[PDB]
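**Student:** Below you'll find the sequence and an experimental structure to go with it.
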Amino acid sequence: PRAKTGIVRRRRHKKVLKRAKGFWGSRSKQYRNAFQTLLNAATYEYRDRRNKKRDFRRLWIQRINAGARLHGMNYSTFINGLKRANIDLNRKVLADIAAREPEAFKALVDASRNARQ
Amino acid sequence: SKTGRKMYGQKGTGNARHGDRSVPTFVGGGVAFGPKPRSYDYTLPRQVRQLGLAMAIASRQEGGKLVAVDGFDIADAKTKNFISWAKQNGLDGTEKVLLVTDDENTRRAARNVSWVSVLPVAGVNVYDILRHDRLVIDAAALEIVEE
Amino acid sequence: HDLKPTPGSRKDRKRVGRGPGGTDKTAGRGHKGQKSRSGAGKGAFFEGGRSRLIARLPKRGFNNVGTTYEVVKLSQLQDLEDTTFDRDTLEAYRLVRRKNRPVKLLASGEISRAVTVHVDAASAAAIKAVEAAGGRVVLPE
RNA sequence: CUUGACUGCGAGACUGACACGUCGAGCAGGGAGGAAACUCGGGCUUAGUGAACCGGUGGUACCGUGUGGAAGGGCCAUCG
RNA sequence: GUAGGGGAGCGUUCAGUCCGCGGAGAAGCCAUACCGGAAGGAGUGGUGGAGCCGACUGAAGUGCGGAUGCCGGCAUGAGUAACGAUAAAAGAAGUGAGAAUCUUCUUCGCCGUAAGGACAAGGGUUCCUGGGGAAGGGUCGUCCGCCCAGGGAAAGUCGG
RNA sequence: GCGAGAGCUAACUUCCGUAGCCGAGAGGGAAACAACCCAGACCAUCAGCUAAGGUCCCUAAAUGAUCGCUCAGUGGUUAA
RNA sequence: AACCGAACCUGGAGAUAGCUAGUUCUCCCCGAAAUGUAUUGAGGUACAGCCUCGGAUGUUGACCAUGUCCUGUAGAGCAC
RNA sequence: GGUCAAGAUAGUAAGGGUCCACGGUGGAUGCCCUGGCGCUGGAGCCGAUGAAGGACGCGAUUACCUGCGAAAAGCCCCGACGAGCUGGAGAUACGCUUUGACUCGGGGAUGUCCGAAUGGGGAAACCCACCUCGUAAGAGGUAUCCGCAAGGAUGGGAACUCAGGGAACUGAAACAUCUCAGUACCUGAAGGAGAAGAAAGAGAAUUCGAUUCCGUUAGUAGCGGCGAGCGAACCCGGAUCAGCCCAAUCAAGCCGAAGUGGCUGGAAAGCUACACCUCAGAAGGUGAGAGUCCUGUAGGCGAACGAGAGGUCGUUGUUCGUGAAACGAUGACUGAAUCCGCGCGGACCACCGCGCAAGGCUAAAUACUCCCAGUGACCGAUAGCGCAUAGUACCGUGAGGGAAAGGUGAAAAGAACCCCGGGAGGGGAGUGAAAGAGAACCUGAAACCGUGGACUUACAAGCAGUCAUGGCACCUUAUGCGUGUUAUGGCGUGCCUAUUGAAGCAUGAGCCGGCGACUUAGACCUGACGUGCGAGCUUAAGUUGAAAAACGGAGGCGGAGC
Ligand SMILES: [Mg+2]
Ligand SMILES: [Mg+2]
Ligand SMILES: [Mg+2]
Ligand SMILES: [Mg+2]
Ligand SMILES: [Mg+2]
Ligand SMILES: [Mg+2]
Ligand SMILES: [Mg+2]
Ligand SMILES: [Mg+2]
Ligand SMILES: [Mg+2]
Ligand SMILES: [Mg+2]
Ligand SMILES: [Mg+2]
Ligand SMILES: [Mg+2]
Ligand SMILES: [Mg+2]
Ligand SMILES: [Mg+2]
Ligand SMILES: [Mg+2]
Ligand SMILES: [Mg+2]
Ligand SMILES: [Mg+2]
Ligand SMILES: [Mg+2]
Ligand SMILES: [Mg+2]
Ligand SMILES: [Mg+2]
Ligand SMILES: [Mg+2]
Ligand SMILES: [Mg+2]
Ligand SMILES: [Mg+2]
Ligand SMILES: [Mg+2]
Ligand SMILES: [Mg+2]
Ligand SMILES: [Mg+2]
Ligand SMILES: [Mg+2]
Ligand SMILES: [Mg+2]
Ligand SMILES: [Mg+2]
Ligand SMILES: [Mg+2]
Ligand SMILES: [Mg+2]
Ligand SMILES: [Mg+2]
Ligand SMILES: [Mg+2]
Ligand SMILES: [Mg+2]
Ligand SMILES: [Mg+2]
Ligand SMILES: [Mg+2]
Ligand SMILES: [Mg+2]
Ligand SMILES: [Mg+2]
Ligand SMILES: [Mg+2]
Ligand SMILES: [Mg+2]
Ligand SMILES: [Mg+2]
Ligand SMILES: [Mg+2]
Ligand SMILES: [Mg+2]
Ligand SMILES: [Mg+2]
Ligand SMILES: [Mg+2]
Ligand SMILES: [Mg+2]
Ligand SMILES: [Mg+2]
Ligand SMILES: [Mg+2]
Ligand SMILES: [Mg+2]
Ligand SMILES: [Mg+2]
Ligand SMILES: [Mg+2]
Ligand SMILES: [Mg+2]
Ligand SMILES: [Mg+2]
Ligand SMILES: [Mg+2]
Ligand SMILES: [Mg+2]
Ligand SMILES: [Mg+2]
Ligand SMILES: [Mg+2]
Ligand SMILES: [Mg+2]
Ligand SMILES: [Mg+2]
Ligand SMILES: [Mg+2]
Ligand SMILES: [Mg+2]
Ligand SMILES: [Mg+2]
Ligand SMILES: [Mg+2]
Ligand SMILES: [Mg+2]
Ligand SMILES: [Mg+2]
C-alpha cells in the first residue's frame, strides 16, 4: 500500500508559520525562511533567558550605586557595609527601596557606613 | 515505458544533469522501492498450531462460552427451526456464534443467520473461534478427537 | 482482537535517514568512502588491494570422501534402555538415524548388564568391554 | 681429532595488525672431541633475503573412480 | 556533543477487531490566548456536503528545505527591452457600438532585369460570394492568408 | 607551549615527539577574533559568592588608599 | 539532416562510477577517530588501536607513596 | 490675558511595514469512480473460401467514434425476450413494431480498393490489360513452388518453445585465458503449447528401468591466471505415465421468500413501535445507510440451432579452462566386425558387470498469457498502463520519441423574463433544500495580486531575530502568566553541504505546493530478543479439503573427535 504525504506536511508547515508571525517579509510567509529564522531565534531565546538574568542584575546595581552616591556613599562601600552589619538584603529589593522608598534608603545608608568604620 | 535515450547534454545546458525520464526522482517515472508480487506465508510448526487451537477452545470453556452439542432438532434444513432451537439453548441473539458439526441440514439452517457463522468439519482455527463470542462445539468429534 | 504480542518478541525495524532525531544524513555510513556507495560487491574476503592470507598459505593434502562411520554410544545402549536389543530397524526407531552409511559402536561410558550388539563395525575396547559384561557383537560377513 | 652446518621434538618467553621473525632449557634415537665435569642441533652478535601458486627431482605406498593393477595425485624431502 | 551503537516512543496509510459518530451534518480546509517532556493531540467557533474519529493488533511505496533534484503554478527583473529594415505619408469622404490602422477619393513617397508578369517544386481551400471578431495579427481593428457557411476547378490536340 | 630535525634559530611553513585545546565546546575574558587566559551549558528563577579579567564615560564595578617613577602621549608596535 | 577523432534511433541497461551531490519524526544514554602496518597503494580498501551494546567475571583499573632493578638525554668533562 | 524670549513635545504619509477582515489567482487536500495494476483459473491460433491491418465509402443533417460494405449504422432463417425502438450523440423531421419489433444467443447470405496480393505494372489503396460465358449491365479465371490428379505451401501472432548465428559493457578492484553468457540481439520453423521419448542408459546394489517437471541430494562431489568465481549426478520423495511400428456438460433465458405505522428531513433506505422471510444477510441502484421497493442472490428449470561405429588432425559439450582425457559431437583425411559378434564402465590391461548404434511416430504432466473471468492488508487523477483513454496532439526526412487531460444536481427541473453592454460579463427573478451547485459548474490549501481597518513609519546603519520596558488597540480556549501592534534598549555572523577551520567574497537554492532515496528475494550465513517441543527439534515438493487447515519423513539441523 502507498501512503502519500497527504496531510502531514501541510500540518508541520502551518505549525511553523503560526510560530512565524510578526516576522518581516518572507520570514513570516515562506516555510523555509520561517523555520530557519526560528533556528536562529532558538539560539536567541535560550541565551537570552540566562542573559536577562544578567541584565536585570546590572540594572538593580546601577540604581543602588546611584542611591549610595546620592548621599556620599559608593555602591561598593554601601553594599559592603550592608554585608558588614550582615543586613542580608537581595539587591533587587535594594533597588526597590532605593528608588521608591527614600528615608528607608537613608537609614540603610547610615547603617552601612556605621558598620564600616 | 520511458525509453532509454539520453535526454540532453551531460554538461553544458545550465540545467541539473539527467539520463532518462524513467527515474524515481521524475514525475511519471518508475517507483523506487515499491512492493512487488510476493507471499507473506510460512509454515508455523505443527506443535503450536495444535497448542493454539486448544488454548482457544479452553479460553472459551473457562469462559464459559462453550455449548457442547449432541443432536440438533432443526426440522428439515429450515432456518426458522435453527432460530428456535438456538433460542431454547440460550442463544438470545446478541452474540456471534460459530457452528462446527457435520450435518448439511444444520448448516443450511445456520447459514443466512446474520449473527452466526458455519464452519464445517475439521477446518477450524484460532481465528474464527476467537473471532466470535460463542462456539457451537459440537460434541461428536470432541471427545473422540481427544482420542 | 483480545490478544497482545510477547514483550520483546517483535522489534520494530530501522528506517535510516529521517530527521536529526534520529539517524541524520549519511545513514550510518559517515562521510564518503567506498563503503558509502550504492553498489554491490566488495566483498568479505577482499583485504586491502593486496594478496590474501587466504592465498598466501600452503595447500596441504587434497580431498577424499570415504566411508564415514555413524556413532553409537555405550551410555546409550546402556543405562535405562533396558535392552530391547539392537536388531536392525530397532535402533533406527530409537536414536541412531542416517541411511546410506555403516554404524559404528565405540566406548565413552561404563558397562554392566549383558547385551548383544548388531553393528556394522566397532572399536576394540567396545567389543572388549561388552563381551566382558556378558554379550556379543555381530559383524557382517 | 673431527661432520652437531643431525633427524624426532619443544617447557617457556622476546617480537610483530596479520603473516613472519628471534632466543631457548630439557627428552629421545644416535654421534663428536676431553682422561674428565663437559660442550655442540653452525660462525661474537645484529645484513647476506621472496609468501602462495604452477612444475623438476629423490624417497614414500595414503588416494586411485565395478574389481585388482598402472597414469595421475597426496605426504617428507627438495630444485626454479 | 560530530561520525557511530544503544533505549523509549510521536504521525501516515492499508488491514483484522471492538467502542462508536454522522444530512440537527463526515472527511478535508480556515482562524485561535488550551493540553502533553517532544515528536503531537484536544475544546469551540466558520467552511464543506457524505462519509469518518477512537483502542488493540498486523503489514508498509511511512514523515523532505535542500540533490545546478522532477511536475505545476505563481512571483523578481518591469510597466523596463523590443513591436522585425529610415520605400513616407497627408487631407477629405464613408462605415461602425467604437477607426492613426477597414472602404471610397484626391494627391505624395518607393520598386521598375522588380519590390512587374508567367511557370515548376512544395503547400492544400489559403481562390470567389455572403457573413463573423474569441483567439491568430507584435498596436488597432468594423479588417485579414484567421472563424462560419455556400459556391469555384471542365481538354481527343497543353502536361503525364 | 616545551623538545629537536629539514628552512634563513623565515612563514597562518613542513616532518616527528610531548601537554593542553578546537575538531565534537556553548558560557564570561582577550574591542572584534576555532586554537589563547577562566570554565565543561539536565530544565525554571526579575536570587547569592567567586575565576580569568576588570572598576573615569561609552560599559557592570574604588575618579581607592599609602611609598614612589616617567612628562616622552612614552603608555599605544623594532635594532645596532 | 544545425555541436562527427567516429552519425542518429532502439536495445544490453537500472552497464560501471574507489568520484560529487542528496539521504525527511522526536526525546534520552553513552561517545570516537584522522595513529600503526601492509597495499599498481596514497582523497581508496585489510587488521589492529580508539566508540558502543550485552553476557560473563570481581577491584585485576586508576591515580599516589614505598621498595626495587633498567637508562646514558640536560648539564659537564677532555680520559680515548 | 497680549507681545517678545528660552526650552520641550504633537499631528500630516507620497509610499511602505506587522496584524486583521474580505475577495482574486491557483488546483494541493478530502470524497468519489467511468481507468488501471498484479495473482489464480479458464480459454489459445487466423489466412489463397483473401488473414492480421488498412484505404475509400454506406446516414434525412455526418466532422470524430462506432457498425457496415455499392444488398453498405445493415439483409434472410431459427431460438430466447415481450414493449418499446430509431448507434455513441445528448438534434429535429421521417418512421418501425404485440402478424412480436429493439436487444440477446445461433447459423447463413452480400463484403468495393489496398495489403501473403496473386493476371502485368506501381510511389500500398492506384494504372493498363488478355481469356471464358452474357443481350448488355455483369461473373469467373489469368503468381510461384510440391504433385498424375485431388490437394498442400506463401503471410500474421504479445510472449512460451526449438534451431542456424551469436555481442559487448561488466567482474577478476588494471587485462588477455576467464567471467559476464549461449545472456542481448538477428534469423529459420512450429504449435496451442513445444521440446524431449521407448536405453550400445544411468550406474555399483550382480539395483533401477523412455522422457519432460518439481522437491531433494547440494554450494556436496568436482572446475579454475586452483584467482575472481563456476557447480553436477546417482539414490531418496512427488507430478504424470505408453509405449507403437518398420528395413534382408458449458453457450441465450426463464422462475424465484418475506413490512408497515408514526418521526426528523429538501428527500427514508436512517430513528422508532410492532411485524414477517431465510437453502435467499454477496452485491449494486433508489433524493442519507433498504435482508422484506428494484435488479438480484440460495434454489429450481433451461432451448430448435450451439459448443465439448572405430581411428588421425582442428574443436567443442556437459562441474570438463589439454589436465592422466574417458564418451558423445561434427570439418577434413580414413570409412572394421554382424553373434565363438558389437558398444560402455573417465587414460590404458585382464577380469567382471550394465548394454543391442547404423530407421520413424508418440498423449500425459511442463512454459507462456494478446484475450475471458474471479479475487486483493494493489492504485484512485504528479498515483494507477503512456492514456479515466491517445500512441492521438506535438517533435522527428526517418527509425523512432510522445503529453496534461476527471467531478453542476437527487433529478436539467440547464435559468422564460426585466436590467447596464455591440459583447463579454454581471445584478435580479424563477427552479432547488442549497444557485454559500449556474454550466470557466465538489471540496478550493500555498506561493502570488489586490480593497478596507487597526497600530506604526520620512536624522536612519539592518541575517531582520531575540529579550526587557513604555505606548496604543482588542477581549468567543480571552481581563492576565493576556492577545495584536508598536517605540526605546540590551544582545545578536542566513541554512545546508564540504572542511584543519564558514556569515563567509566557498557549494546548492526565485517562491509554494505535490512526487522524491537504506528495499526486496533466498527456505543461504551468523548473531540478539522471543516462543513451541526439548536429547531431542523439523519438514519440502506434493495430496486432499478450502468462507478453514490437515496430511505429507524425502531430506535438514543436533548426535565424536583427530
Ligand atoms: Mg550569574
Ligand atoms: Mg542557473
Ligand atoms: Mg536509532
Ligand atoms: Mg555527503
Ligand atoms: Mg575523508
Ligand atoms: Mg594464481
Ligand atoms: Mg614424485
Ligand atoms: Mg605413482
Ligand atoms: Mg481500520
Ligand atoms: Mg479516509
Ligand atoms: Mg524544492
Ligand atoms: Mg547561482
Ligand atoms: Mg515609463
Ligand atoms: Mg532597468
Ligand atoms: Mg529607460
Ligand atoms: Mg523603446
Ligand atoms: Mg513594421
Ligand atoms: Mg518610420
Ligand atoms: Mg467621395
Ligand atoms: Mg453612423
Ligand atoms: Mg500604416
Ligand atoms: Mg514576380
Ligand atoms: Mg480573400
Ligand atoms: Mg490585438
Ligand atoms: Mg458593422
Ligand atoms: Mg600542509
Ligand atoms: Mg571533521
Ligand atoms: Mg567558547
Ligand atoms: Mg570565548
Ligand atoms: Mg564579546
Ligand atoms: Mg586564530
Ligand atoms: Mg581577582
Ligand atoms: Mg559605571
Ligand atoms: Mg554537421
Ligand atoms: Mg548487462
Ligand atoms: Mg545509471
Ligand atoms: Mg560525557
Ligand atoms: Mg594520514
Ligand atoms: Mg576494524
Ligand atoms: Mg591496582
Ligand atoms: Mg652539551
Ligand atoms: Mg495613496
Ligand atoms: Mg470511419
Ligand atoms: Mg427473429
Ligand atoms: Mg429487451
Ligand atoms: Mg453485390
Ligand atoms: Mg497486383
Ligand atoms: Mg573490457
Ligand atoms: Mg575490471
Ligand atoms: Mg512464422
Ligand atoms: Mg580430440
Ligand atoms: Mg571444451
Ligand atoms: Mg569420441
Ligand atoms: Mg485532486
Ligand atoms: Mg497519470
Ligand atoms: Mg448574459
Ligand atoms: Mg493598508
Ligand atoms: Mg543627526
Ligand atoms: Mg524620526
Ligand atoms: Mg540535510
Ligand atoms: Mg579546504
Ligand atoms: Mg554574501
Ligand atoms: Mg554562499
Ligand atoms: Mg567544490
Ligand atoms: Mg532462541
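**Tutor:** Arrived safely. Numbering: from 1, shown residues only, chains lettered A, B, ... in the order given. Ligands and ions are numbered 1, 2, ... in the order given.
**Student:** Contacts (any at all) between RNA strand E and the one helix or strand residue B:56 maps to?
**Tutor:** Here residue B:56, judged by DSSP states H and E, is contained in helix B:47-61. No - contact between helix B:47-61 and RNA strand E, assessed by CB under 7 Å from any atom of the strand, is absent, since the two come no nearer than 14.2 Å. Yep, even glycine has a C-beta here, placed from its N, CA and C like the rest.
**Student:** Show residues contacting the helix or strand following that helix.
**Tutor:** Where DSSP H and E defines the elements, the next helix or strand beyond helix B:47-61 is strand B:66-69. The contact list for strand B:66-69 (CB atoms under 8 Å, 6 or more residues apart in numbering or on different chains) reads B:57, B:60, B:89, B:90, B:101, B:134, B:135, B:136, B:137, B:138, B:139, B:142.
**Student:** how long is stretch B:138-147 from one end to the other?
**Tutor:** Stretch B:138-147 has its terminal residues 16 Å apart, counting by CA to CA, to the nearest Å.
**Student:** how about the helix or strand encompassing residue A:79: buried residues?
**Tutor:** Residue A:79 belongs to helix A:75-84 when assigned by DSSP H and E. Residues of helix A:75-84 classed as buried: A:75, A:77, A:78, A:79, A:81, A:82 (neighbour count, 16 or more other CB atoms under 10 Å in any protein chain shown).
**Student:** Relative to RNA strand F, which of the residues you listed is nearest.
**Tutor:** residue A:75 (3.5 Å; CB to the nearest atom of the strand).
**Student:** Contact partners for the closest one?
**Tutor:** With the criterion set at CB under 8 Å, 6+ apart, residue A:75 makes contact with A:61, A:64, A:65, A:68, A:69.
**Student:** Kindly report the residues of chain A close to RNA strand E.
**Tutor:** With CB under 7 Å from any atom of the strand as the criterion, chain A meets RNA strand E at residues A:1-15, A:18, A:21, A:31-33, A:35-36, A:39.
**Student:** for residue A:30, what are its contacts?
**Tutor:** Counting by CB under 8 Å, 6+ apart, residue A:30 has no contacts.
**Student:** Now do it against residue A:8, distance only.
**Tutor:** In this structure, residue A:30 and residue A:8 are 19 Å apart, going by CB to CB, to the nearest Å.
**Student:** mind checking the end-to-end distance for stretch C:23-43?
**Tutor:** 25 Å.
**Student:** returning to what we had before: what's the offset of the helix holding residue A:79 from the middle of its chain?
**Tutor:** Centroid displacement of helix A:75-84 relative to its chain, using CA atoms, centre = their mean, to the nearest Å, is 24 Å.
**Student:** just checking, next helix/strand downstream of it?
**Tutor:** Using DSSP H and E, the helix or strand that follows helix A:75-84 in sequence is helix A:91-100.
**Student:** who touches that following helix?
**Tutor:** A:56-57, A:59-61, A:63-64, A:66-67, A:79, A:82, A:89, A:104-105, A:108.
**Student:** now do stretch C:124-139
**Tutor:** C:74, C:105-107, C:111-122.
**Student:** Separate out the buried members of those residues.
**Tutor:** Buried among the contacts of stretch C:124-139 by 16+ other CB under 10 Å: C:74, C:105, C:106, C:107, C:111, C:115, C:117, C:118, C:119, C:120, C:121, C:122.
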